[PDB]
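**Q** Sharing a structure here in structure tokens format.
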Amino acid sequence: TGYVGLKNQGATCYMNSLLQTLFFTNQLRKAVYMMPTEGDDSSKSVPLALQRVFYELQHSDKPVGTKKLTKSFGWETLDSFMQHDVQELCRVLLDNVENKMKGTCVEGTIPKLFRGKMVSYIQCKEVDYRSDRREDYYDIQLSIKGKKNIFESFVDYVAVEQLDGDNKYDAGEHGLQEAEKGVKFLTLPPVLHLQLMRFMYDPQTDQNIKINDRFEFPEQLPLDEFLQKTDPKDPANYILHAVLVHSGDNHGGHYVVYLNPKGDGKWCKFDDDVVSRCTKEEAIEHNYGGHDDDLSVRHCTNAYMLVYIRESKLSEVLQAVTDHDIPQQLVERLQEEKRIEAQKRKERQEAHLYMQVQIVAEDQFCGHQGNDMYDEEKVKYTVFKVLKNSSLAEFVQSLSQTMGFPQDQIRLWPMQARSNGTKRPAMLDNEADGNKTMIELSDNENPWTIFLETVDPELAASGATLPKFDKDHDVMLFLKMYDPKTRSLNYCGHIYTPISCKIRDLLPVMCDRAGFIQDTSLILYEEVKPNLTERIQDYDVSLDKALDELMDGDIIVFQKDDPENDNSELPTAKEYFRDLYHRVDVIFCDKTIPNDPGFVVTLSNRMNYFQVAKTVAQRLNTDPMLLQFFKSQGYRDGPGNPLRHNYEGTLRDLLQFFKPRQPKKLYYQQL
């Protein structure tokens with residue numbers, strides 16, 4: 001189209017429609033370029049922000065962005081726009097530029113184009129005391145309700161008011177005299193910003209409604225019959241320039257603008273990033289209004305602001321803007337702003353197409369007391385920066401030197417989370433998926449966690465190569481030894497074993513692992529998932545029969561079969577996993593106390609309101625009845641509605657809002 005558009009409106013609203021209107025106000029644009037803002041802030045200067053947008057709108061072929069602009073004047077809030085409107089934003093920018101041009105060569109450019117002279121008068125009936133109050137104006141507000149065209153609404157604006165019915169002019173010494181209060185014009189500015197009162201408020205309630213009445217406006221607007229005195233050789237004939245339009249309603253809509261940029265009759269629809277040619281009827285007669293289907297919504301389209309230019313001052317306002325009209329100080333600065341921005345994006349494109357893989361060693365598995373191999377928050381990984389679509393062989397090659405281990409004495413066991421929420425080491429061969437990308441091997445997982453099996457250096461130096469693993473008939477299992485006396489879990493490494501191998505044949509290995517005698521009576525459990533720890537019934541059966549759904553990364557927890565186990569808190573390993581599942585440290589902070597540190601209490605997830613309150617009251621040396629707990633929401637972090645004392649559910653239900661990653665915390669208060 002030649003003219004470039006502005007990037008998509010994101011509750012920007014009318015700002016774009018207004019920017020284009022000001023941008024194609026050529027005489028204004030030239031003054032914008034001639035502003036000393038080479039020493040201002042790069043992200044807090046409104047005039048430079050405009051100079052950026054105007055420059056891009058003139059040279060760029062890509063949809064011009066307005067990020068920088070919204071940050072410069074605190075309207076970056078996603079709702080702080082309908083609080084104001086076009087006439088206000090236009091006053092914000094222009095009075096910010098006018099303020100920033102006082103002293104420059106283009107001093108007072110804004111009043112020359114937009115400012116006109118207006119006189120409000122008050123003439124008494126009996127006495128002859130007038131009130132010639134003279135004011136300037138940049139924007140003219142017009143009435144819509146009951147109006148058919150501009151010619152009517154303009155008369156309504158200059159209509160003579162009467163003051164009767166207990167409403168009388170406070171003359172002072174003459175008391176309350178009945179007078180008039182109409183408005184008259186002295187001069188009409190070259191550029192007329194006429195906002196239309198279509199968003200009148202609705203009392204009551206609430207609070208603003210849009211008037212879709214059919215209001216007309218001409219392409220040629222003679223206004224020489226509205227001044228105090230006519231002016232020959234300079235009639236007030238105005239030509240339509242900009243038509244700002246809205247589709248929808250007050251509480252939600254879409255903004256576009258029909259512009260006549262060189263004022264030649266060639267109109268263009270500036271719908272955001274899509275600039276297109278359009279007819280004159282499509283820009284004028286189609287924007288009068290009339291349709292009022294609340295159901296239909298978009299589209300019920302009509303204009304809310306118009307811009308006219310004086311026919312005599314038409315050639316000067318829409319003056320040709322050459323590229324030489326922009327100071328090199330301004331140019332070179334914006335060029336470097338983008339050179340830094342373009343370089344940054346290149347880095348961010350490299351922030352993409354990259355995945356980091358976390359390597360965990362088996363030394364982390366040692367000493368773990370929770371479920372599974374390791375505690376997610378306590379584990380220390382070895383992170384690597386990997387190409388997203390790098391081959392599997394390239395990763396292994398890079399891992400060999402960075403770890404100081406041979407490329408043959410290591411095996412990579414990927415960590416895949418199972419269906420029942422247990423992240424266990426999966427299997428993946430080196431030569432099988434060698435020519436495959438990492439992002440498809442991880443299956444769109446980033447970051448990716450992989451367990452690294454390394455040969456024990458105590459044997460490697462002596463001479464020991466890492467054994468071969470047959471994916472078809474071999475399975476890798478992990479072992480854990482439980483000591484009831486200490487009530488703790490002791491890690492016993494892992495072992496490769498045939499699938500057809502009986503549990504019985506694996507028993508001498510377990511005894512030697514934990515430092516026991518051969519033919520020692522043991523009790524074996526399978527750690528399936530937390531709080532589930534099924535016991536192996538028969539020992540003289542294969543691995544495929546004993547463990548349900550036999551896979552690589554399965555855990556077998558064993559313990560010494562001894563009558564002394566009964567003489568302890570946690571006899572079996574199954575009971576141990578029940579505590580770890582039921583026990584939970586709850587933080588109880590007082591509601592009335594600001595920033596209360598609180599106190600932790602060890603409870604069970606199967607405690608009802610009674611058992612919970614009884615324990616907390618015991619912790620606080622008081623009667624439970626004097627405690628009022630509150631239903632919580634972790635994310636909102638604020639105590640919701642108070643908790644009744646006849647609550648049937650348990651503590652588990654009250655903590656469903658809290659992720660396991662977060663410390664549980666309930667709120668209370670004293671009665």
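Each chain in the structure tokens gets a letter, A, B, ..., in the order shown, and its residues are numbered from 1; ligands are numbered from 1 in order too.
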Per DSSP on the backbone, filter region 331-504 of chain A down to the residues in strand (DSSP E or B) and report them as a PyMOL selection string.

**A** chain A and resi 354-360+382-387+391+410-417+423-425+437+448-454+474-483+488-498+502

**Q** Can you build me a table of region 108-170 of chain A residues sitting at most 10 Å from region 27-33 of chain A, with the closest atom pair per residue and its distance in Å to one decimal, using only C-alpha atoms, sorted by chain and residue number, as CSV?

**A**
residue,atom,partner,partner_atom,distance
A:108,CA,A:31,CA,9.8
A:109,CA,A:31,CA,7.1
A:110,CA,A:28,CA,7.5
A:112,CA,A:28,CA,9.9
A:113,CA,A:28,CA,8.0

**Q** Please provide as a list in words all residues within 10 Å of residue 58 (chain A), with the sequence filter that same-chain residues fewer than 2 positions apart are discarded (counting only C-alpha atoms).

**A**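 These residues fall inside the cut-off: residues 2, 3, 4, 23, 24, 53, 54, 55, 56, 60, 61, 64, 321, 322 and 323 of chain A.
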
**Q** Can you pull out the residues contacting residue 543 (chain A)? Cut-off 12 Å, using only C-alpha atoms, and skip same-chain residues under 2 positions away; I want them as an NGL selection string.

**A** :A and (473-477 or 496-506 or 526 or 536 or 538-541 or 545-552 or 554-556)

**Q** Any chance you could export the current selection's C-alpha atoms as a PDB file, in the first residue's frame?

**A**
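Writing done, so here's result.pdb:
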ATOM      1  CA  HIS A 473      16.392 -60.598  28.013  1.00  0.00           C
ATOM      2  CA  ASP A 474      18.193 -58.481  30.613  1.00  0.00           C
ATOM      3  CA  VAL A 475      16.692 -56.105  33.175  1.00  0.00           C
ATOM      4  CA  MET A 476      18.348 -53.590  35.494  1.00  0.00           C
ATOM      5  CA  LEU A 477      17.028 -53.440  39.051  1.00  0.00           C
ATOM      6  CA  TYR A 496      22.021 -56.409  35.811  1.00  0.00           C
ATOM      7  CA  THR A 497      20.131 -59.690  35.672  1.00  0.00           C
ATOM      8  CA  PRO A 498      18.316 -61.983  33.216  1.00  0.00           C
ATOM      9  CA  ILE A 499      14.529 -61.594  33.155  1.00  0.00           C
ATOM     10  CA  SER A 500      14.186 -65.370  33.499  1.00  0.00           C
ATOM     11  CA  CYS A 501      16.293 -65.309  36.671  1.00  0.00           C
ATOM     12  CA  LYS A 502      14.515 -66.468  39.824  1.00  0.00           C
ATOM     13  CA  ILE A 503      14.341 -64.201  42.882  1.00  0.00           C
ATOM     14  CA  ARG A 504      16.053 -66.985  44.827  1.00  0.00           C
ATOM     15  CA  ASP A 505      19.240 -66.642  42.782  1.00  0.00           C
ATOM     16  CA  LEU A 506      19.324 -62.900  43.512  1.00  0.00           C
ATOM     17  CA  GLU A 526       8.789 -54.036  45.590  1.00  0.00           C
ATOM     18  CA  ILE A 536       7.199 -60.670  46.957  1.00  0.00           C
ATOM     19  CA  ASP A 538       7.257 -66.552  46.315  1.00  0.00           C
ATOM     20  CA  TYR A 539      11.045 -66.407  45.991  1.00  0.00           C
ATOM     21  CA  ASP A 540      11.334 -69.310  43.567  1.00  0.00           C
ATOM     22  CA  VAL A 541       9.745 -67.492  40.640  1.00  0.00           C
ATOM     23  CA  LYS A 545       6.314 -63.280  37.531  1.00  0.00           C
ATOM     24  CA  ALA A 546       7.284 -61.794  40.899  1.00  0.00           C
ATOM     25  CA  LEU A 547       7.217 -58.080  40.082  1.00  0.00           C
ATOM     26  CA  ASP A 548       4.101 -56.769  38.357  1.00  0.00           C
ATOM     27  CA  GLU A 549       4.950 -55.089  35.045  1.00  0.00           C
ATOM     28  CA  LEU A 550       8.696 -55.746  35.192  1.00  0.00           C
ATOM     29  CA  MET A 551      10.739 -52.842  33.852  1.00  0.00           C
ATOM     30  CA  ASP A 552      14.192 -51.310  34.029  1.00  0.00           C
ATOM     31  CA  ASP A 554      12.400 -51.102  39.366  1.00  0.00           C
ATOM     32  CA  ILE A 555      13.313 -51.151  43.052  1.00  0.00           C
ATOM     33  CA  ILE A 556      13.451 -54.109  45.424  1.00  0.00           C
TER      34      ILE A 556
END

**Q** Which residues in region 185-377 of chain A does DSSP call alpha helix (DSSP H)? List them as a ChimeraX atom specification.

**A** /A:280-283,314-317,328-351

**Q** Write the residues you've just listed into a file as a CSV table (one decimal), in the first residue's frame, and include N, CA, C and O atoms for each of them.

**A**
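Output file out20.csv is given in full below:
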chain,number,residue,atom,x,y,z
A,280,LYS,N,-14.6,6.0,-1.0
A,280,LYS,CA,-15.0,7.2,-0.2
A,280,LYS,C,-16.3,7.0,0.6
A,280,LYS,O,-16.4,7.5,1.7
A,281,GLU,N,-17.2,6.2,0.0
A,281,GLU,CA,-18.4,5.8,0.7
A,281,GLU,C,-18.1,4.9,1.9
A,281,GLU,O,-18.7,4.9,2.9
A,282,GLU,N,-17.0,4.1,1.7
A,282,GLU,CA,-16.6,3.1,2.7
A,282,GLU,C,-16.0,3.8,3.9
A,282,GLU,O,-15.9,3.3,5.0
A,283,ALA,N,-15.5,5.0,3.7
A,283,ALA,CA,-14.8,5.8,4.7
A,283,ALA,C,-15.7,6.9,5.4
A,283,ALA,O,-15.5,7.2,6.5
A,314,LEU,N,-4.3,23.9,3.5
A,314,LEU,CA,-4.2,22.4,3.2
A,314,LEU,C,-2.8,22.1,2.6
A,314,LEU,O,-2.3,21.0,3.0
A,315,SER,N,-2.3,22.9,1.8
A,315,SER,CA,-1.0,22.7,1.1
A,315,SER,C,0.2,22.8,2.1
A,315,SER,O,1.2,22.2,1.9
A,316,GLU,N,0.0,23.5,3.2
A,316,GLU,CA,1.1,23.8,4.1
A,316,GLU,C,1.1,22.7,5.2
A,316,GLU,O,2.2,22.2,5.6
A,317,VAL,N,-0.1,22.3,5.7
A,317,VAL,CA,-0.1,21.2,6.7
A,317,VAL,C,0.3,19.9,6.2
A,317,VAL,O,1.1,19.2,6.8
A,328,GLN,N,20.3,13.8,11.5
A,328,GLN,CA,21.2,12.6,11.6
A,328,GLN,C,21.4,12.2,13.0
A,328,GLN,O,21.7,11.0,13.3
A,329,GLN,N,21.3,13.1,13.9
A,329,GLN,CA,21.5,12.8,15.4
A,329,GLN,C,20.3,11.8,15.8
A,329,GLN,O,20.6,10.9,16.5
A,330,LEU,N,19.1,12.1,15.3
A,330,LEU,CA,18.0,11.3,15.5
A,330,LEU,C,18.1,10.0,14.8
A,330,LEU,O,17.9,8.9,15.4
A,331,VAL,N,18.5,10.0,13.5
A,331,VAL,CA,18.7,8.8,12.7
A,331,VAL,C,19.6,7.8,13.4
A,331,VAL,O,19.3,6.7,13.8
A,332,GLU,N,20.9,8.2,13.5
A,332,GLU,CA,22.0,7.4,14.0
A,332,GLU,C,21.7,6.7,15.3
A,332,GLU,O,22.1,5.6,15.6
A,333,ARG,N,20.9,7.5,16.2
A,333,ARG,CA,20.5,6.9,17.5
A,333,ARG,C,19.5,5.8,17.3
A,333,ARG,O,19.7,4.8,18.0
A,334,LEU,N,18.5,6.0,16.5
A,334,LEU,CA,17.5,4.9,16.3
A,334,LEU,C,18.1,3.7,15.6
A,334,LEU,O,17.7,2.6,15.8
A,335,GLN,N,19.1,4.0,14.7
A,335,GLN,CA,19.7,2.9,14.0
A,335,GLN,C,20.5,2.0,15.0
A,335,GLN,O,20.5,0.8,14.8
A,336,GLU,N,21.1,2.6,16.0
A,336,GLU,CA,21.8,1.8,17.0
A,336,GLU,C,20.9,1.2,18.0
A,336,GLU,O,21.2,0.1,18.6
A,337,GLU,N,19.8,1.8,18.2
A,337,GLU,CA,18.7,1.2,19.1
A,337,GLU,C,18.3,-0.2,18.5
A,337,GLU,O,18.1,-1.1,19.2
A,338,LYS,N,18.2,-0.2,17.2
A,338,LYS,CA,17.7,-1.4,16.5
A,338,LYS,C,18.9,-2.4,16.3
A,338,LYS,O,18.7,-3.6,16.3
A,339,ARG,N,20.1,-1.9,16.1
A,339,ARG,CA,21.3,-2.8,16.0
A,339,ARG,C,21.5,-3.6,17.3
A,339,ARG,O,21.9,-4.7,17.2
A,340,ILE,N,21.2,-2.9,18.4
A,340,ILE,CA,21.3,-3.6,19.7
A,340,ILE,C,20.1,-4.6,19.9
A,340,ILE,O,20.2,-5.7,20.4
A,341,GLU,N,18.9,-4.1,19.4
A,341,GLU,CA,17.7,-4.9,19.5
A,341,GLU,C,17.8,-6.1,18.6
A,341,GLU,O,17.4,-7.3,19.0
A,342,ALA,N,18.3,-5.9,17.4
A,342,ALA,CA,18.4,-7.0,16.4
A,342,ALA,C,19.5,-8.0,16.9
A,342,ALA,O,19.3,-9.2,16.7
A,343,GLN,N,20.5,-7.6,17.5
A,343,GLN,CA,21.6,-8.4,18.0
A,343,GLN,C,21.0,-9.3,19.2
A,343,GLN,O,21.3,-10.5,19.3
A,344,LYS,N,20.2,-8.6,20.0
A,344,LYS,CA,19.6,-9.3,21.2
A,344,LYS,C,18.7,-10.4,20.7
A,344,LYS,O,18.7,-11.5,21.3
A,345,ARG,N,17.9,-10.2,19.7
A,345,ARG,CA,17.0,-11.2,19.2
A,345,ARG,C,17.7,-12.4,18.7
A,345,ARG,O,17.3,-13.5,18.9
A,346,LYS,N,18.8,-12.2,18.0
A,346,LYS,CA,19.7,-13.2,17.5
A,346,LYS,C,20.1,-14.2,18.7
A,346,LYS,O,20.2,-15.4,18.5
A,347,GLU,N,20.4,-13.5,19.8
A,347,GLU,CA,20.7,-14.3,21.0
A,347,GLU,C,19.5,-15.1,21.5
A,347,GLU,O,19.6,-16.2,22.0
A,348,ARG,N,18.3,-14.5,21.4
A,348,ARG,CA,17.1,-15.1,21.9
A,348,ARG,C,16.6,-16.2,21.0
A,348,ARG,O,15.9,-17.1,21.4
A,349,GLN,N,17.0,-16.1,19.7
A,349,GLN,CA,16.7,-17.1,18.8
A,349,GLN,C,17.6,-18.3,19.1
A,349,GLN,O,17.3,-19.5,18.8
A,350,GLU,N,18.8,-18.0,19.7
A,350,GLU,CA,19.7,-19.0,20.2
A,350,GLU,C,19.3,-19.5,21.6
A,350,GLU,O,19.8,-20.6,22.0
A,351,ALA,N,18.5,-18.7,22.3
A,351,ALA,CA,17.9,-19.2,23.6
A,351,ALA,C,16.9,-20.3,23.2
A,351,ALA,O,16.7,-21.2,24.0

**Q** With a distance cut-off of 10 Å and only C-alpha atoms, select the neighbouring residues of residue 165 (chain A), excluding the residue or stretch itself and same-chain residues fewer than 3 positions from it, and output the selection as a VMD selection string.

**A** chain A and resid 162 168 178

**Q** With only C-alpha atoms as the counted atoms, please give the residues lying no more than 9 Å from residue 370 (chain A), apart from itself and same-chain residues fewer than 4 positions off, as a PyMOL selection string.

**A** chain A and resi 374-375+489+530+577+580

**Q** Store the residues picked out above in a file with C-alpha atoms, as a compact mmCIF listing (two decimals), in the first residue's frame.

**A**
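Produced file result-v5.txt, reproduced below:
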# COMPACT_ATOMS: atom_id res chain seq x y z
CA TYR A 374 16.62 -39.37 44.85
CA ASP A 375 14.94 -36.30 46.34
CA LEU A 489 17.00 -46.92 54.07
CA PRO A 530 4.74 -44.16 47.45
CA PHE A 577 6.80 -46.06 53.42
CA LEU A 580 6.67 -41.04 54.81

**Q** Which residues come within 7 Å of region 559-565 of chain A, counting only C-alpha atoms, excluding same-chain residues fewer than 3 positions away, as a PyMOL selection string?

**A** chain A and resi 481-484+521-524+568+571

**Q** Which of these, A:93, A:584, A:105, A:239, has the shortest distance to residue 660 (chain A) once you count only C-alpha atoms?

**A**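 Of A:93, A:584, A:105, A:239, the one nearest residue 660 (chain A), counting only C-alpha atoms, is A:584.
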
**Q** If I take CA of residue 40 (chain A) and CA of residue 115 (chain A), how far is one from the other in Å, to one decimal?

**A**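 Between CA of residue 40 (chain A) and CA of residue 115 (chain A) the gap is 27.7 Å.
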